[PDB]
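Two forms, one protein chain; structure tokens for each follow separately as structure 1 and structure 2.
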Structure 1
């Protein structure tokens, strides 16, 4: 729960190509101390190898290389980490290859039994991984053996493109750009999903569950809607206020924001102010160097980093004192 230090200087740590169509979910991990760091991850699939570049802060950037298990050399749509060097690789046709990232050995090949495209796959839920259909079928599958089950069946009237899981591991938000945001409870199969109201014209880019356990932050194209989960479905934490030349991202606390502008080529930091109840401009930094259409913020004890993404490359920039 630390306040973001005052930061006027940035340096370029990394430039690399990556594969924007390989959905790599950010994996949580516990310190040699007693808290969790979010690791953010990028995958470059080239020459039949997978290259994973990861960081939890600006101090350490790791890149791991793994072969690509598919004989035609086709790209996984979704990649997610499991326990004990397990790597979950989702391939078209709902086929999942569990690969050991240290040995490079293929451990298991699972064909998930669903006519609908798998749209969410996560492994740090730790004998099972969770997967989800674009129709809202949610299932748990064992890494090691056949143990598996379906907590929710496919609906006819939705389409999802992505998902995010709450830290208590019971709330799963499934969503698509067009405004659909449905929250499922994995603890009771018999419980109906909750529909969250997002106007359709505001394109949903991402949904995060904040650290406090009760903010669901919905990052739209030009605006952010933050739902308070303690209250009636639809209750905002604060009102939505808008602050296509600007990508942004919010940290896991849901109170720090870095926005990048493609006109001025600069990073602006916004803090959510607890007195004033809005996002207020805190710091601005000019970058010295194509258009970054996406970004992710990381920060740990090491320091704050922004991963700035194009359609085919990314830049890791540190934000220093």
Structure 2
């Protein structure tokens, strides 16, 4: 390929990681007071298709976050992507599979690469810009892959995959070349998330399991983090040292600089779960949160205050608006947007001062 031994590949990973470890260290801009909302568009989507948000270092040394929804009809995949209010686009690309079968996971890679996982651990890579098939790949593992991601800056010849028992490997985009860095039982994972510097990978499941693996030192024991509680997402915050565990009604934030288990601040209870269909999401800085109440059709904004170490509601943000069960948030410099989702459709809401 280009890397002939795992030893050569590991040193490419560490080196490329060192190239970027000191970049992307500036803060995203502070959120203004938000007072107006605009319903931008209502669309249907296929919720069973998991889509991992794509992160890109920007010229201002913080990261942009692209969120993606997929609607799969009749041998086409309709995508809606945005990193803020002014970058909404809808792209249609062909579904390479027979019969209109749905991917289980869709993720992006650099150079307009689109990664499509189909059950049985079969991966197709498309160029979303030219509509060509670049790769048809099979991963030999008896366990279902539950995570697939390609970093936009670090080690950009490979993307990462992980199965639901902790096998972790890297796969070259162009060559038939791959390396396993962790091998498979105790666990049963549903999802994953990759740290900014692409050396730490968290694997987790809804029932409390949270294991962080070190991708650059093969088969070193994963560290297990103590969560009581139903996990719904784990995020590595953009500052590089918070690991945020979004649960159903609690937020747990671990401090990666200290002993495994040490919190960055006291665990936070979402108010007011009733108890109940309130939903929420935290942005990738880990400092800004938006919550939705189906009861009052209102959005509430919370801000984390590192002086007091707790979340407090911003009372100057009365945002009132159809019953959503999940949501995601984006906030590039074109404006903050909330993506409100039912189990089969979604509404995008622009938020402005």
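Positions refer to the first chain, counted from 1. Definition used throughout: the rigid core is the maximal C-alpha set that superposes within 1.5 Å between two forms.
Review point. If you fit the two forms on their rigid core, which residue out of 27, 36, 272, 52 shows a CA shift of at least 2 Å between structures 1 and 2?
Key: With the rigid core fitted, the residue that moves is 36.
Check your understanding: After superposing on the rigid core, how many Å does the CA of residue 106 move between structures 1 and 2?
Key -> Here the C-alpha difference is 1.6 Å.
Review point. Keeping the rigid core fixed, what distance in angstrom separates the two C-alpha positions of residue 77 between structures 1 and 2?
Key: Its C-alpha position differs by 0.2 Å.
Practice item. Let me know the CA shift of residue 190 between structures 1 and 2 in Å, rounded to one decimal, core fitted. Key: Its C-alpha moves by 3.5 Å once the cores are overlaid.
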